[PDB]
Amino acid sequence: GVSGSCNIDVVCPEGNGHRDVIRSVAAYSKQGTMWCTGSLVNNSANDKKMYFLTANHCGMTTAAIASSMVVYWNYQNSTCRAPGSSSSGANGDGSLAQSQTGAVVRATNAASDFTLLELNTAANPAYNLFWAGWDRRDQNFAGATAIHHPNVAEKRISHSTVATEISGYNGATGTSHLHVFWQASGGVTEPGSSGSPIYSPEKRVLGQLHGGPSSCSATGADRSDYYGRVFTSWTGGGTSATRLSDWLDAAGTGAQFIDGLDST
């Protein structure tokens, strides 16, 4: 696929500290059309349930739509194309051969733009998946990392090396979103990246991409994005079908944050 040249192929050295959670992120189609990003999340039972977090606005919100979605793992460029280069802006060489079809909707809620699906098919060990940890604490972090499929193209990584802020969407009054500021010439996010995770420095999901002003041409404060917070989605709309808590902590261990779980 094709995305903005300023983006950074996950295989680049910028991915050296994220070789586990890179394997949590997938691209997916909706009714046959490549559509959005999501990612695999661990739960407090460490049981490999195929909980797959994405964005409500992507519309994977009905049993019918979830039933026909196709999830594509390990879709990324084989080599590190120099960020900013014509090559990086060109069609990549990623494979879409490792896929699975079908899911059910466990929960969804508009306010933090989240959807939690459970994929029908158990993880194929051959795909070498990773179930990422999460952190639902009410706090900002000193930096963060996005792993995402911009334009639903090959997987990219984008780093933020400044503090997050808590706000509503687009900086409105609120606490539903984490506002993440990208580096002046670093990777950003694009339509198609929605639903992609933002990770804390300890590699725990804090939220998933809703949207924002960033693009490769964006400058200043516009080079930033908003993620619907796990903190907010945890309690969500106050029912099991509108929040994360019943799924990510079904046993009720009271975990405020957990680590990831590897296929191995």
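All residue numbers are counted from 1 along the displayed sequence.
Stretches 99-107 and 165-173 differ in mean CA B factor, with 165-173 having the higher one. The mean Cα B-factor in the deposited entry runs higher for 221-229 than for the other of 193-201 and 221-229. Take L116, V152, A144, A122 and read off each C-alpha B-factor from the entry; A122 has the highest. Ranking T37, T239, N56, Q208 by Cα temperature factor from the entry places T239 first. When the modelled residues of the chain are ordered by their C-alpha B factor, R81 lands in the highest third. The entry lists a Cα temperature factor for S112 that places it in the lowest third of the chain's modelled residues. The deposited CA B-factor of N128 belongs to the middle third of values across its chain. The PDB entry assigns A26 a C-alpha temperature factor belonging to the lowest third of its chain's modelled residues. Annotation for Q139: C-alpha temperature factor in the middle third relative to the rest of the modelled chain, per the entry.
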